[PDB]
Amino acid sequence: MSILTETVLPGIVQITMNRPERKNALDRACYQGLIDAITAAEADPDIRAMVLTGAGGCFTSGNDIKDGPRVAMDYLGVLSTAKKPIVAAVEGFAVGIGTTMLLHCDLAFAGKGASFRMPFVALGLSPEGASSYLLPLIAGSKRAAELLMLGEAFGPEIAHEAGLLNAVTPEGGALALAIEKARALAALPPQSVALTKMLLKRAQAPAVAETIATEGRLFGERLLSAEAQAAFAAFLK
């Protein structure tokens, strides 16, 4: 119950990652909570768009180290196959699955001061979220290599240039823009919106599902490597 859900406007549900003490870090129940909200909103004929965001000037710092990867994979599988529009609004940290889940949102906006990173390689792990398939397609392979292979931190402007964001707002302004765009989505003919999203994703969809499964298997392998063991011990200083 660290995942907030409210109908904030007609046709629009807002799903909020709410754990600011731990930078909205995703607990196992958070993944379940996120699966429940999306599922309910998909089944709800009231609802024509979803906005996804985090509380307290933070999006999410990613997977909670304390609170294997199968539930993360279930969430990505749910997120990537949702039939209705999903609009993301990012402030502060969007790290790990914080970044890669943006790949499956139809629209994404971040304020200045946002900080993105995929540090899987540095933890002796491997890509997730179908990032190893999608990111070369939307960012070009050069940029996909600097972000996934080097695991460089990056700001919203690079995130725009890399195909992760439609637009950068000033700081604290991403949610207002996200809600505006969700409103315009909700005012459109919903069947036509759904058909368009499905056709937009038609060519990538089987490769995304097979990539999530293949990444998950390797990620599970990598969680058992000596490199991951040493890197986590290094990450705890």
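The first residue of the sequence shown is number 1, and the count goes up from there.
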### Query
Does the deposited sequence hold unmodelled residues between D67 and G68, and if so, how many: none, 1 to 3, 4 to 9, or 10 or more?
4 to 9
### Query
In the PDB record, does 92-100 or 68-76 carry the higher mean Cα temperature factor?
68-76
#### Entry: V13 CA temperature factor, ranked by third within the chain
middle
### Task
Tell me, lowest, middle or highest third: where does the Cα B factor of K197 rank within its chain?
lowest
### Message
Using only modelled residues of the chain, where does the Cα B factor of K112 rank: lowest third, middle third or highest third?
### Response
middle
### Task
Could you tell me which third, lowest, middle or highest, the C-alpha B-factor of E21 occupies within its chain?
highest
#### Entry: CA B-factor placement of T169, once the chain's modelled residues are sorted into thirds
highest
